[PDB]
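Accompanying notes for the structure given below.
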Ligand SMILES: Nc1ncnc2c1ncn2[C@@H]1O[C@H](COP(=O)(O)NP(=O)(O)OP(=O)(O)O)[C@@H](O)[C@H]1O
Ligand SMILES: Nc1ncnc2c1ncn2[C@@H]1O[C@H](COP(=O)(O)NP(=O)(O)OP(=O)(O)O)[C@@H](O)[C@H]1O
Ligand SMILES: [Mg+2]
Ligand SMILES: [Mg+2]
């Protein structure tokens, strides 16, 4: 098993740098004493992989060394341990070159490159040879699948399908990694609904890719027909291209993307079309959710996939162990099924049958055997309280003071692909930089969101790589959207913005209508300048600076403090005067404010806000927000 | 003889695709052909010409400025604007085929098209109210066209077929088209006219072929047409609309056809696929192909 | 086969509110045309109201209604004879309301005094102003030539009931009163003679 020791050595070939800045440390442990690993730390494949990849407190370092102080199918646990520990440690301890690459990133990329190089060998002049394969897996019609929902259970499906979808993608990648004798490090990273992998450029890998593509096409045709159709596109790559030599790394990314698009253009093969147009029986009964008749339908007018999706919806928040096994609730490729169960159920599934995969959700522990950590933001305020868990979003609508409405948010990053392709300059562009950026984005959207929304009445419908769906209390939705904007701004250190749409609806308003209206709101918010928030009416679109400070802090707060003789009737009279929007109406507003017994400072502030044109709509929005918040 | 037909929609139209809530601004040629068959059977007309020699296209937008055509699916060498782009004016079609259109120009073309405004009408059913029940709300998607805009299509056939189609369109003006008819939707006025520009554009000899309708070929033509061709499958399905098929309303067999605008290097013909599932009569579905030559 | 086109004008006798968010604004806005922003009467609001009136009179399951307004029941699949179309704000009414600087719709303020706390709950219901005229357009499908006279007698009964009833909104509180004015009952499709037919 030379490949296993090679993987261990490549991952741990820089373990000595930690103790040096705090091989022999590896020799301290008998399981890690194996010849291949220690040889790599201090073979030639590890050196060539490190060359390909390359092209703060001492007490805390000692504490990390103390914390740190090899069988098959155990590499995943060590990889999780490396990801959990070496994230903050830079790969280059001290160099004039910027330390963008972290220790974990360098170790993972080196291990992937070493595995690919060893697979190539099994089958400077070495760099020029086409030795790698950049492959991309992209599922099609994802949001169409997510939003095709039967009303009576739509919310459940809305939470589950996306989760199901993401888990499905993970399984696919793992199966490919299972058919290539590779580890989880060999995948570069997985965006929302899109995965990117680095593979050896051998005949075995190409044949495996072709077989995987065909079998996944067959499975998606069988199960979801044309609703979901993953496409896999690979391009041959040389060592110099991976090292950004000759400036072709971005060229490789772009050519893989356009090859994937071309493959998407010609999707189905000839016999697949023939089988599509060969339905013997039409079928009378149809499902509520997917509106499909060919699959057998229960008495409740729900498809089998739909029923499993609803089951996984009620299960997902309760437990934290996704088991891919022959036993489960929802389908997964290669005749598998996805279930969500506790640790006892997880270990039962492990012991009963082999080849059962386990994914622990947001669990940083690595001592558990045969678990791969999946990141997912499932923050639900209703789940925190059992009665609210029973009630649902109607609990969010429940509110002592404030208009009982429900707010929906559909945030999305702006020009992310431009940042990935064009944002990173030519000099610094490397696959380690791209991997670090993608991992940071996934960690922010899937893990940091639960921290940001903590203490708020918001339920995360989905928190994919770019898109974000939230639904909860309207005031809480708006406040947490502003907090999310500022947190994202300080996390990205600028250079990244997201546009958002916040819509307010009644409790019993249909979920599909809410989603469509908030989607069109955020579509107007994107506009052309980007970095905008569309609040309430689609006519009004504001900026984050305006909404956080000009609308709420500058105008709404003084009005709240003054209102707390003054009553809601005065606010409604002022609203009528402002919304009339005529010069004589500003004169009448001046009269009313003169005889309103209001403070002269605030009176002049309101008059000045009414004089302007943008401040007019800002003051209108501020008073509307105050009226909404002050309802009984 | 190719004959332009323009429809001006006095009332909003449903033109649903998968649900009642959604509204499409256009419909495939299969829906139009089914409506023509229904109208001909209502008028006791002969179906020999419609089934044999009548090659129609999808419904395409037309504005006050210029007519529109589906965007051909060819490689583009940002791309999000191109993917969002759906319809190309007739004068810019050749430029797009050569690729002279850029991302900014593609976005400006997308903004240039002004068909109308889509919206949602919330209606109810009160039939259960008197029977100790409650009203049931539902939604209908309606796309109200701009006063200048409308929906045109091209129909090629013999003179007898052209006359029969003229009669059928004269009847359809009041029978309505699309979905949710008899509830205030689908009323339109027809205008059948000869178009020199479309005659010139269709009469070309290009290296590729672009589909102007939802079409599907037989087994052999499908065998010799899919080679290095970019397309997009549309799931044509739904229920059967007739009073002489079954005692209840049942769905027809699911069908799949290439979208209009798909580029096929080899030109394949189409047939009127039968989607009847053991019924009194044969529920037809239009899948003939209307081809436009193009240069890339 | 024939189609008979009944073209006419609905004259609004009380503020007609066919129904169909922002604070301090119209809580219940009328359905309006998307681009024109001209209030309209959906054909459904006329068809269903006439069906309800025929149910009150003839009586639903009645074969006359089941044939006129259409049905999809088991075995009895019947095409709807009456295809109503949306009633659009008439051009003459557009000119009249453009004169007198008059808005096309009014915002009638209302409230509701509770039986327990005696606290009013104000609403602002949009209603089309009295005197506004909507161009209405009905199509009758002649499926059975022998039944045309009976169907048109039923339609006249329905219109007679409707002119004494309301068309949309809360009519028991005064809204919705309308009056049909038939401008034509000419046949557009077929050769059936509709000259003898009358609606009012
Ligand atoms: N499981 C998920 N749940 C919610 N959103 C997702 C999920 N996976 C991916 N996404 C994002 O949701 C959107 C779904 O868009 P699509 O349905 O179009 N599927 P996509 O991967 O984009 O392929 P294309 O059809 O565009 O060629 C994507 O733009 C992604 O940004
Ligand atoms: N977590 C992630 N890590 C790395 N790449 C991602 C991630 N999420 C999304 N992506 C990629 O980032 C893109 C986000 O797509 P978007 O739907 O956000 N549209 P974008 O390309 O950003 O331009 P705009 O319309 O916003 O102006 C995807 O198409 C993927 O290519
Ligand atoms: Mg985005
Ligand atoms: Mg996005």
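Before moving on, here are some points about what is shown:
- Projected-area mean, the stretch B:192-240, by convex hull of Cα positions, square nanometres: 6.2 nm²
- Overall, the ratio between the Cα radius of gyration of chain B and 2.2 N^0.38 Å, rounded to two decimals, is 1.03.
- C-alpha center-to-center spacing [the stretch A:160-202, the stretch A:561-632] in angstrom: 56 Å
- Chain B - mean residue ellipticity at 222 nm from DSSP helices (-39,500 (n - 2.57) per run, n ≥ 4, rounded to 500): -6500 deg cm²/dmol
- Helix-derived mean residue ellipticity, 222 nm - over chain C, DSSP H n ≥ 4, -39500 (n - 2.57), to 500: -7000 deg cm²/dmol
- Along principal axes, Cα extents of the stretch A:146-240, largest first, whole Å: 53, 25, 21
- Per-peptide average of other Cβ atoms within 10 Å, ordering A:541-549, A:322-330 highest first: A:322-330, A:541-549
- Cα gyration tensor shape for the stretch A:1-105, rounded if a/c is under 1.5, else prolate or oblate: oblate
- Overall dimensions of chain C as given by Cα atoms, namely Rg and Dmax in Å: 18.9, 65
- For the stretch A:304-373, the Kirkwood radius over C-alpha pairs fed into Stokes-Einstein at 10 °C and 1.306 mPa s yields D = 131 µm² per second.
- Counting beta carbons within 10 Å around each of A:361, C:99, B:252, B:108 and listing the fewest first gives the order C:99, B:108, A:361, B:252.
- DSSP bridge pairs, the protein assembly as shown: antiparallel proportion in percent, nearest 5: 95 percent
- Mean partner shielding of peptide B:240-247, defined as the number of other chain Cβ atoms within 10 Å of each residue Cβ, is 3.
- Here the residues A:113, A:142, ranked from fewest to most Cβ neighbours within 10 Å of their Cβ, fall in the order A:142, A:113.
- Range of Cα positions in the stretch A:244-302 per principal axis (Å), largest first: 62, 28, 11
- Over 18 Å [Cα-Cα, the stretch B:72-162], rounded percent: 66 percent
- Helices in chain A, meaning DSSP H runs of at least 4 residues, each add -39500 (n - 2.57). Divided by all residues, the mean residue ellipticity at 222 nm is -15000 deg cm²/dmol.
- The smallest convex shape that holds all Cα atoms of chain A, its convex hull, gives 197 Å³ per residue.
- Counting neighbouring Cβ atoms within 10 Å and putting the fewest first, the residues A:139, A:7, A:99 line up as A:99, A:139, A:7.
- Mean shadow area of the protein assembly as shown, taken as a quarter of the surface of its Cα convex hull (nm²): 50.8 nm²
- Approximate shape of the stretch B:153-296 as ellipsoid semi-axes (Cα gyration tensor, √5λ), whole Å, largest first: 29, 23, 13
All of the numbers you see were taken from the coordinates with simple rules; none came from a lab. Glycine gets a Cβ as well: all are built from the backbone with ideal geometry, and neighbour counts include every protein chain shown.
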